[PDB]
Amino acid sequence: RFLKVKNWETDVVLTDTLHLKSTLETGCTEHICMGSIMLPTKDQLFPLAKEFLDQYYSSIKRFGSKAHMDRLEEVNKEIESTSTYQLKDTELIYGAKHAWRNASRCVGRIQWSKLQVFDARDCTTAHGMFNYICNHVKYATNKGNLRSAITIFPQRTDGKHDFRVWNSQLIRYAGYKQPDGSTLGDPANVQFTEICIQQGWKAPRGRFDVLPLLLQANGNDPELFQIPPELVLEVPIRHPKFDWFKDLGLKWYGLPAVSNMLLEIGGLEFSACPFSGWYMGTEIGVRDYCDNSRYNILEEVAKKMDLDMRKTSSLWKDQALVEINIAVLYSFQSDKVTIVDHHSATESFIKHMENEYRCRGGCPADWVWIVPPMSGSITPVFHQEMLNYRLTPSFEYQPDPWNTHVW
Amino acid sequence: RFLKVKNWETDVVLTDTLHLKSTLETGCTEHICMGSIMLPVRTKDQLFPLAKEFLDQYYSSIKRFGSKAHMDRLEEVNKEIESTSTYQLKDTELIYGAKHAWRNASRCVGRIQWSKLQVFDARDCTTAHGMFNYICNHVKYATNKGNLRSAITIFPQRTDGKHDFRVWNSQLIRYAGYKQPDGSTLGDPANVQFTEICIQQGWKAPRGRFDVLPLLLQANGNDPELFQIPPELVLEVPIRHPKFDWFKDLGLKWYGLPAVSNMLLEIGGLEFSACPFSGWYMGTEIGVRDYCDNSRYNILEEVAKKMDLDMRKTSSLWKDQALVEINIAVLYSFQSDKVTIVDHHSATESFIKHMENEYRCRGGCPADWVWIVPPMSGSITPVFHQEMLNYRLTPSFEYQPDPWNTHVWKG
Ligand code: HEM
Ligand code: HEM
Ligand SMILES: Cc1cc(N)nc(C[C@H]2CNC[C@H]2OCCC/C=C/c2cccc(F)c2)c1
Ligand SMILES: Cc1cc(N)nc(C[C@H]2CNC[C@H]2OCCC/C=C/c2cccc(F)c2)c1
Ligand SMILES: C[C@H](O)[C@H](O)[C@H]1CNc2nc(N)[nH]c(=O)c2N1
Ligand SMILES: C[C@H](O)[C@H](O)[C@H]1CNc2nc(N)[nH]c(=O)c2N1
Ligand SMILES: [Zn+2]
């Protein structure tokens with residue numbers, strides 16, 4: 001019932017009790033581990049509300065106080081009456097920070113308590129959503145000195161009036177299917193790049209076209225907006241030693257900003273809640289640039305390096321991979337845009353693990369996601385046992401809105 | 001029921017029904033996933049059902065389920081259990097069983113090879129000298145002057161738990177580690193404690209960086225005994241780099257034969273506590289883990305120093321750069337000396353093909369993603385993008401506690 005996690009490099013053992021406050025189900029059983037699968041009423045609401053406010057009042061050292069009991073009744077009153085309730089500003093801020101703190105797949109949670117929360121619950125239209133989003137981008141970008149933030153649109157009501165950002169991230173590059181048969185730009189976004197065009201967007205049809213935002217207020221048809229280019233910080237990619245690297249014509253954006261998730265606080269659902277931090281180098285240089293079904297640039301780079309590409313065992317893919325990732329880090333650093341390498345990030349997360357065990361009784365962690373996609377075993381998280389479980393408040397996946405929207 | 005796994009690079013979707021034949025526990029529940037946890041005397045009562053499940057599987061595999069021969073063998077095993085408390089496997093059942101423990105090993109990326117396994121039956125063995133002889137023969141057969149062949153040697157099963165056959169070595173061939181008074185280590189740091197056991201048992205330690213450890217062998221629950229493998233039987237490879245001529249001067253070498261000797265083989269409820277098996281290496285086991293863990297040889301600094309990498313900031317990726325050069329060196333050296341090795345690209349590609357064939361012909365393939373994905377360059381190998389189901393089939397290999405923890409010393 002109390003579970004231990006060992007670090008095999010340091011022999012440090014931590015004891016996990018936080019898992020017993022676990023609520024939702026993992027996907028695993030006693031017979032099958034599902035650890036590597038990407039996606040495994042008034043009556044329901046008050047328990048959920050109570051559980052949250054209980055931890056809220058505990059956090060501000062006021063568990064069992066008049067104020068605690070008072071608010072528990074006010075919320076109970078409001079649910080019995082309206083079928084929902086509203087969070088106090090303070091509860092919203094605490095819930096958002098905690099959803100991040102509970103994200104078992106996020107290596108960057110050492111930062112969880114520095115999060116700027118933008119309350120957009122007063123928003124009513126897509127133009128409104130656009131204004132809120134530009135302001136988030138500008139704030140968070142901070143001319144290259146990136147700052148974490150989330151903007152929270154109005155909560156679900158009857159589920160026929162959802163606020164949704166249709167983009168998967170606030171800033172992403174377009175993908176187009178070519179007659180040719182190959183793909184121009186980012187193949188991840190082909191479908192969406194079409195939906196934008198199937199709605200009037202004028203595609204420059206380049207390798208790196210910043211997608212328009214596609215915004216849905218109150219369950220209405222969504223609308224297109226170009227983000228002002230002066231608000232999209234981008235970095236040209238060059239290598240500190242290979243003069244030819246620049247001629248690849250690669251660039252990436254400075255701000256990672258996930259916009260398709262659902263934030264759950266105290267039973268309430270915030271279906272539009274874009275949030276942003278700063279990149280770990282490998283996200284761009286390993287995944288965005290080198291995945292088979294992403295930009296897939298390994299061959300081109302290997303060639304320019306004149307490596308022996310005739311056999312897998314020359315490790316030419318591995319050599320090219322390192323150089324590409326050196327380029328990404330060097331570039332962002334040179335243009336003074338915040339970035340972290342996987343060494344410093346995983347080291348940070350280990351420190352964060354020790355803090356959460358020391359201070360909260362544990363830290364839910366998903367090893368499959370936490371371990372970087374390159375050089376796994378020379379980063380300390382490789383050797384660290386982790387326990388994965390689901391705590392609330394949380395971020396959750398949700399079906400892409402086009403599959404669902406009533407037009 | 002039916003479960004789906006998707007490959008997110010290819011969109012290929014596979015259906016698992018084999019997990020319905022799973023018995024043992026994973027360690028996970030609906031409320032916690034223990035997927036990254038490293039380690040998560042029987043009675044007649046429990047034995048005949050376990051015998052029965054196993055023989056139903058053997059007999060279906062040979063298309064004689066329900067045969068007279070199947071039924072007579074059930075009755076025969078039944079009777080042997082009630083009369084003697086245990087039973088003996090026929091040669092054919094033993095072979096089949098050891099192959100399936102390998103087939104079912106969900107942490108093993110090499111399983112495409114599962115059906116080509118040389119089985120050596122050492123169940124007539126009685127003494128530690130007998131074990132030494134059996135192991136030498138295994139090592140010579142498997143080595144095959146560099147053209148590695150997979151093999152397993154199987155010593156008598158557990159009886160009462162007081163008479164166990166054990167190989168005390170974690171692998172048949174490994175290098176000594178020696179803790180020095182100044183707190184530094186000579187040789188392999190993983191093997192310090194075991195080296196100390198060997199020394200106190202009477203081993204005269206050469207005390208260099210690559211001293212092949214003696215075998216410590218326990219027969220029939222008796223105190224274990226020391227033996228030196230004839231050095232002409234221990235194939236080793238000096239490590240050099242195709243472009244870097246200073247690489248050889250680091251003084252590195254490794255052995256060709258990876259041979260796990262500390263696991264337990266369970267077949268139809270029988271427990272074989274000494275069952276050394278061997279295959280051939282994936283280069284990253286040596287180049288990433290053996291040489292580059294901080295708790296192992298830890299050569300990253302020395303290598304990057306010679307490479308003149310910018311070592312002042314991790315963001316130069318000096319570690320990543322050196323790591324790749326060491327792994328190039330390992331594969332180059334083995335290939336140049338004609339010792340079988342596979343790179344992590346070719347081994348993970350073979351595994352996806354094996355895994356898909358297994359879904360098509362068997363209804364599933366249990367696989368542990370934490371173990372299957374290589375410890376460098378993970379996402380450029382096709383396994384990274386492969387959804388996997390982990391579960392426990394028997395026959396199987398299992399961990400067992402190190403025998404210096406449990407053994408009752410006799411003298
Ligand atoms: C401050 C710098 C941050 C770093 C370096 C970072 C790091 C990462 C990384 C590397 C991933 C893996 C993503 C992938 O591989 O596709 C990830 C996932 C995630 N992060 Fe962060 N993060 C940061 C800030 C944030 C913030 C501000 C939030 C929310 C407030 C957040 C919440 C999440 C969530 C929910 C996931 C998993 C999403 C999913 O399941 O697809 N992180 N994080
Ligand atoms: C033929 C070449 C083989 C290759 C390339 C190979 C590859 C590997 C690798 C890389 C590992 C993980 C090692 C680690 O990370 O420490 C492993 C684990 C394992 N393999 Fe193989 N393997 C081979 C043959 C075999 C054979 C012959 C058997 C037994 C019949 C076997 C059974 C196992 C088992 C039981 C594990 C898990 C060990 C543990 O949990 O500590 N493999 N395999
Ligand atoms: C706030 C933040 C900071 C950071 N450094 N990285 C991130 C993650 C961002 C940046 N890189 C990928 C993106 O993660 C989004 C999740 C990607 C997973 C793929 C995926 C998820 C669901 C369905 C599907 F088909 C694919 C977020
Ligand atoms: C038959 C076979 C073939 C092959 N290529 N590799 C292997 C695995 C071999 C070769 N390299 C590491 C070794 O695996 C050892 C397995 C045990 C895992 C290590 C381990 C487990 C618990 C605590 C600990 F400190 C270490 C076996
Ligand atoms: C199948 C597997 O679960 C999938 O490929 C995962 C593996 N680990 C990951 N880890 C991170 N950080 N991001 C990912 O997209 C993935 N993909
Ligand atoms: C804690 C974690 O489970 C442990 O370090 C695992 C991770 N994956 C591994 N994978 C392989 N192949 N070998 C290992 O020793 C490990 N170690
Ligand atoms: Zn699990």
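Below, chain A is the first sequence line, B the second, and so on; all start at residue 1. Below, all heavy atoms of this structure are taken into account, side chains as well, without hydrogens, waters or symmetry copies.
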Largest heavy-atom contact set with chain A, pairs under 4.5 Å, which of [options]:
options: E25(B), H385(B), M38(B); value: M38(B)
options: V324(B), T381(B), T314(B); value: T314(B)
options: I341(B), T29(B), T23(B); value: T29(B)
options: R289(B), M34(B), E349(B); value: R289(B)
options: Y332(B), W369(B), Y391(B); value: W369(B)

[X] atom [atom1]: more than 12 heavy-atom contacts under 6.0 Å:
X: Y397(A); atom1: OH; result: yes
X: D306(A); atom1: CG; result: no
X: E299(A); atom1: CD; result: no
X: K353(B); atom1: NZ; result: no

Which value, rounded to the nearest 0.5 Å, describes the distance between [X] atom [atom1] and [Y] atom [atom2]?
X: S377(A); Y: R296(B); atom1: OG; atom2: CZ; value: 11.0 Å
X: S36(B); Y: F382(A); atom1: OG; atom2: CZ; value: 10.5 Å
X: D310(B); Y: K241(A); atom1: CG; atom2: NZ; value: 11.0 Å
X: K6(B); Y: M38(A); atom1: NZ; atom2: CE; value: 10.0 Å
X: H342(A); Y: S315(B); atom1: NE2; atom2: OG; value: 10.5 Å
X: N292(A); Y: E9(B); atom1: CG; atom2: CD; value: 4.0 Å

Study note, to complete from the structure: On a heavy-atom basis, the closest approach of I378(A) and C292(B) is CG2-O, 3.9 Å
Check your understanding: What pair of heavy atoms forms the shortest contact from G35(A) to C33(B), and how long is it?
Key -> CA-SG, 4.0 Å
Interface moiety of [X] toward chain B, non-hydrogen atoms closer than 4.5 Å:
X: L387(A); result: both
X: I326(A); result: both
X: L3(A); result: side chain
X: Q333(A); result: side chain
X: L298(A); result: side chain
X: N388(A); result: both
X: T10(A); result: neither
X: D291(A); result: side chain
X: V5(A); result: side chain
X: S314(A); result: backbone

Point to revise | Verdict with supporting geometry, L317(B) and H343(A), side-chain contact (heavy atoms from CB on, under 4.5 Å) | key: CA-CA 9 Å; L317(B) 301 200; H343(A) 305 297; 4.1 Å; yes
Point to revise | Atom group of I32(B) that falls short of 4.5 Å from chain A, counting heavy atoms | key: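 Backbone plus side chain of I32(B), per the 4.5 Å heavy-atom cut-off to chain A.
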Check your understanding: Measuring heavy-atom distances to chain A, does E325(B) have an atom under 4.5 Å in its side chain, in its backbone, in both, or in neither?
Key -> side chain
Exercise for review: Might you work through the side-chain contact (heavy atoms from CB on, under 4.5 Å) test for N327(B) and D318(A), ending with a clear yes or no?
Suggested key: CA-CA 10 Å; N327(B) 281 278; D318(A) 308 74; over 6 Å; no
Point to revise | Test side-chain hydrogen bond (donor to acceptor under 3.5 Å, both in side chains) applied to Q319(A) and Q321(B), step by step | key: CA-CA 7 Å; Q319(A) 260 173 327; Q321(B) 249 176 326; over 6 Å; no
Check your understanding: Taking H31(B) for the side chain and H19(A) for the main chain, is one N or O donor matched with an acceptor at less than 3.5 Å?
Key -> no
Review point. Taking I37(A), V286(A), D16(A), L329(A) one by one, which has the highest count of heavy-atom pairs under 4.5 Å against chain B?
Key: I37(A)
Exercise for review: Evaluate side-chain contact (heavy atoms from CB on, under 4.5 Å) for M374(A) paired with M376(B), printing each intermediate quantity in order.
Suggested key: CA-CA 5 Å; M374(A) 82 175 273; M376(B) 66 176 297; over 6 Å; no
